[PDB]
Each structure stands twice: as structure tokens, then as C-alpha cells.
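First the structure, in the form of C-alpha cells, and then the observations on it.
Order of the sequence lines fixes the chain letters, A, B, ..., with proteins taken first and strands second; residue numbering starts at 1 for each chain. Heavy atoms only: backbone and side chains are in, while hydrogens, waters and symmetry mates are out.
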2 protein chains.
Amino acid sequence: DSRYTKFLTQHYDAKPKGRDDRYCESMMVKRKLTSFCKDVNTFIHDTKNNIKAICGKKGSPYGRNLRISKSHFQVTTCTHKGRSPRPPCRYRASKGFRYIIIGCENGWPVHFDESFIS
Amino acid sequence: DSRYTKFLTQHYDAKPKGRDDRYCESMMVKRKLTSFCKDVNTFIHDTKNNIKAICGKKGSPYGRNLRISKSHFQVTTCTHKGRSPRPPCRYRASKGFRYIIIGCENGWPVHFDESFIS
Ligand SMILES: [Zn+2]
Ligand SMILES: [Zn+2]
């Protein structure tokens, strides 16, 4: 599954190396998100099985093509902190344990909604 | 100023047409931010003079190359709400009146920091 694999590349990191700003700066490069300095990207620290389950009965519909998780997930959200959109890109990390919203297609996670949840 | 003009294209809208989801969807296209569905982008509803002043004495240093405004600004933050990164792109709007963080170069606004402020 192409879109599922792309989602994993962008958002899945089961054993994160530190969850700090350096982690974000390294991972944004390693996962190919710095062609321009992408402003927001969240890495999820949990199993692929648990993330995928959000697209089934362990998620709730959250408007068209979105599902919100019924369970909290450990996450690290990387946000751009520089003045230039050209790499190298500087990031701040924000750790969280919260419900997450994902875009689903035919039972598979294909996107991560990066908007604010409170 | 090329980078200043780019900033204005991306972030300046003095008389916004409605500040709702449709506003976001229209403006993200009009301001050329939907080649892929950019996940977050804020439009500022104030004068160019007031925004620029953030890069001077009406801002405070907020870490390298960033300044936080001393005054609140009316803003509409557009966030992607779809499962696909390919246009057409669907958005939600979030209106705010808050301090804003911008990236400055030689006294000119050149970037908008899209991270969470509380
Ligand atoms: Zn940026
Ligand atoms: Zn998106």
C-alpha cells in the first residue's frame, strides 16, 4: 500500500531517539520532509497495529475522511522555528500524550491531521 | 523586497472575505499555497505597518530569527482537514486575536511561525 507506506514514513516512529529538538531536526531530514521546511509534522510512538486500528472501531468519525482515536497516543510534534523555508531546517519538539486525528482510506492510515486538539 | 512580498502573499489580508472554512479554501488557492495541501497557514488582518513593526521595537526576541509581537493581532489560521495532500484542498478556519511570532530579516517580516501559542 503506497499511501500507507508514505504515512508510515512521515508519522511512525516506535522507538524514538530522544524526542527533543535535535530528534525533530534529524527525523524531518531522514523521513524526507525538508525539501522545503515543512511547518508541522507529528511522529507517533506506538505500534502500527494500534495506529491502523484508528481507521476501524478504535476510531470515531471526525468529519469527512477523518477519524479521531478512542485511545491516547505518545507523540512528538515537530514545528518549524526558523525564518527561512529552505533547508537546513530548524525545529522545536513538543511531546504529547493525546487523542490523534488521522485520514483513512479503505481501513488504512494515509494522513495525519496536524490541527490543535485540547 | 522579494522575501517580504512573499510573506505578504502568504500571510497578509487586511479585509478578509468572511474568515470561515470557505475563506480558507479560497485564499489558500488564491495565494498559491496548494501545490500540495499545506497543512497550516495563518492570515493576518491588520496593516502592513503594524505587522512590520514586530521586526522592530514592537516585537520581542523569541529565539534565533524570531520575534513575538507586543500587541495582539486578528488572525485566521487555516488548517488542512483532508486525507489527501493533492489539491483540491479542504480547510478549517480558526479565528484568533493573539500575539504572533514572525521571522524577521533586516527589519522585514519574511516568515510566520505556525506553532501553538496559549
Ligand atoms: Zn516555516
Ligand atoms: Zn494535510
Side-chain angles (χ1 to χ4, degrees), chain A residues 2-4 6-7 9-11 21 24-25 32-33 35-42 54-55 59 61-68 77-86 88-96 98 101-117, chain B residues 2-4 6-7 9-11 21 24-25 32-33 35-42 54-55 59 61-68 77-86 88-96 98 101-117:
Chain A
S2 190
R3 289 170 186 160
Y4 177 57
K6 176 168 169 174
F7 169 88
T9 299
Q10 294 186 350
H11 299 293
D21 295 356
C24 276
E25 291 172 350
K32 313 298 174 57
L33 287 164
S35 296
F36 88 99
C37 298
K38 193 167 197 297
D39 279 330
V40 58
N41 187 75
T42 301
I54 304 165
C55 294
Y62 197 73
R64 182 197 318 169
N65 294 331
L66 302 178
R67 286 180 89 78
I68 186 165
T77 299
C78 302
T79 56
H80 184 221
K81 67 185 182 190
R83 69 169 168 199
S84 172
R86 301 180 66 250
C89 302
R90 296 188 299 116
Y91 285 91
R92 65 176 73 75
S94 178
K95 304 180 297 295
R98 61 163 173 95
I101 300 167
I102 63 158
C104 295
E105 190 180 13
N106 305 322
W108 295 101
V110 301
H111 210 73
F112 191 94
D113 185 285
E114 300 284 4
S115 68
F116 178 76
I117 304 176
Chain B
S2 190
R3 289 170 186 160
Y4 177 57
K6 176 168 169 174
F7 169 88
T9 299
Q10 294 186 350
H11 299 293
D21 295 356
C24 276
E25 291 172 350
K32 313 298 174 57
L33 287 164
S35 296
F36 88 99
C37 298
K38 193 167 197 297
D39 279 330
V40 58
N41 187 75
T42 301
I54 304 165
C55 294
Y62 197 73
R64 182 197 318 169
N65 294 331
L66 302 178
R67 286 180 89 78
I68 186 165
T77 299
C78 302
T79 56
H80 184 221
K81 67 185 182 190
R83 69 169 168 199
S84 172
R86 301 180 66 250
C89 302
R90 296 188 299 116
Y91 285 91
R92 65 176 73 75
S94 178
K95 304 180 297 295
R98 61 163 173 95
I101 300 167
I102 63 158
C104 295
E105 190 180 13
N106 305 322
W108 295 101
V110 301
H111 210 73
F112 191 94
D113 185 285
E114 300 284 4
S115 68
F116 178 76
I117 304 176

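Of the listed residues (B:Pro85, B:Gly63, B:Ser84), the one with the most heavy-atom contacts under 4.5 Å to chain A is B:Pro85. For the options B:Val40, B:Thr79, B:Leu66, heavy-atom pairs under 4.5 Å to chain A are most numerous at B:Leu66. Ranked by heavy-atom pairs under 4.5 Å with chain B, the first of A:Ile102, A:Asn65, A:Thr77, A:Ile101 is A:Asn65.
What you find for B:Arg90 and A:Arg64 is that their closest heavy atoms are NH2-O, 3.1 Å.
Between the side chain of B:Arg92 and the main chain of A:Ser115, no donor-acceptor pair closer than 3.5 Å is present.
The NZ atom of B:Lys38 sits 3.5 Å away from atom CG of A:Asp39, with the distance rounded to the nearest 0.5 Å. To the nearest 0.5 Å, atoms SG (B:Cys104) and CZ (A:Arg83) are separated by 8.5 Å.
Ring geometry, B:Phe116 versus A:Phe116: the interplanar angle falls under 30°, so the pair is classed parallel (tilted spans 30 to 60°).
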